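As structure tokens, one chain now follows by itself in the form deposited in one PDB entry.
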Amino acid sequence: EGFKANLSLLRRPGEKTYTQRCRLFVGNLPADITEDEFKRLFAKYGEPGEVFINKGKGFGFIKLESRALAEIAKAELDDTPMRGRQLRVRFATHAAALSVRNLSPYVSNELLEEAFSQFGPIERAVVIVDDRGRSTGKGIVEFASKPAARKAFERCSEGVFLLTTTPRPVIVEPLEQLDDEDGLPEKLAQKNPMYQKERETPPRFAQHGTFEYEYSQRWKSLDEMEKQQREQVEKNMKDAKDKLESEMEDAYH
């Protein structure tokens, strides 16, 4: 296909096609929606991948070839009319992603992928970096399937998985996925009859002498104590970890 080859230019070097990162959620679909009509909606974005539709609930999923194509489709189709309803197009939440931590600063995206590839087919692996491009010691591993993610999670929790020379065991947890795009809209927050009551008092600075001020100041102080205490735990445990290493070196000569 001519069209397909033209759109294939949007795949990035080393990018795997039709991954979960290429998957779009489409909401507010008509009740009479067919799989062909849904695909016709995405016709301009090349050859479609797996399609899922929940006709009665008015939503579906579609995988496109590359992340770029899915970014274009989302931006072009979101909030467009479809028989009396504005479509809601979002990137689908990843179903098989894991958070990895305790990474050595010398673990790259490629080493992380190559390492986790033993648990099953891998879509992507990324080391989360800061503004200067330095490793945060945290990363994300996205698998093709949920069993492969469970295998990685179960084996890394049970066993000792090491990526570099330094014996730093990778700590593996399911990825906490949060929404900072739609968030908590007022039209939705309004539903609780209590939103009306809390909004009776407008945003403000509390004044010295009031209940609001004394309570809030003491709350901040408790919050500061909480951070100190958390930092102290961290320190105490850093010392315990060091004492462990020293004692381990002596015993294992």
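Heads up: residue numbers just count along the shown sequence, starting at 1. Rigid core: the largest C-alpha set superposing within 1.5 Å between the two forms.
Visitor: 81 to 89 versus 99 to 107: which one carries the higher mean Cα B factor per the record?
Guide: Averaged over C-alpha atoms, the B-factors run higher in 81 to 89.
Visitor: Can you let me know which of the two, 220 to 228 or 190 to 198, has the higher average C-alpha B-factor in the entry?
Guide: Of 190 to 198 and 220 to 228, the stretch with the higher C-alpha B-factor average is 190 to 198.
Visitor: If you compare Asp131, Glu142, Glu113, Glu76, which has the highest Cα B-factor in the entry?
Guide: The C-alpha B-factor peaks, among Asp131, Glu142, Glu113, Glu76, at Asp131.
Visitor: What third of the chain, by the recorded C-alpha B-factor, contains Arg23?
Guide: Lowest third.
Visitor: Using the B-factors in the PDB entry, rank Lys151's C-alpha atom against the chain and give the third, lowest, middle or highest.
Guide: Middle third by C-alpha B-factor.
Visitor: Quick check for you: using the entry's CA B-factors within this chain, is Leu64 in the lowest, middle or highest third?
Guide: Within its chain, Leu64 is a lowest-third residue by C-alpha B-factor, going by the deposited values.
Visitor: What third of its chain, lowest, middle or highest, does the C-alpha temperature factor of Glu50 fall into?
Guide: For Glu50, the deposited C-alpha B-factor lands in the lowest third.
Visitor: Rank-wise, by C-alpha B-factor, drop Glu71 into the lowest, middle or highest third of its chain.
Guide: For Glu71, the deposited C-alpha B-factor lands in the lowest third.
If you look for the form deposited in another entry, you will not find it shown, but the lines that follow are about it.
Visitor: Which of the listed residues (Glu173, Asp78, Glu154, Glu114) moves its Cα by 2 Å or more between this form and the one not shown when the core is kept in place?
Guide: With the rigid core superposed, the residue that stands out is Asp78.
Visitor: 2 Å or more on the CA of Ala206 between this form and the one not shown, with the rigid core superposed, yes or no?
Guide: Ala206: C-alpha displaced by less than 2 Å between this form and the one not shown.
Visitor: Tell me, please, whether between this form and the one not shown the C-alpha of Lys138 is shifted by 2 Å or more, with the rigid core used for superposition.
Guide: No, the C-alpha position differs by under 2 Å between this form and the one not shown.
Visitor: Answer yes if the Cα of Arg101 shifts by 2 angstroms or more between this form and the one not shown on a rigid-core superposition, and no otherwise.
Guide: No; that C-alpha moves by less than 2 Å between this form and the one not shown.
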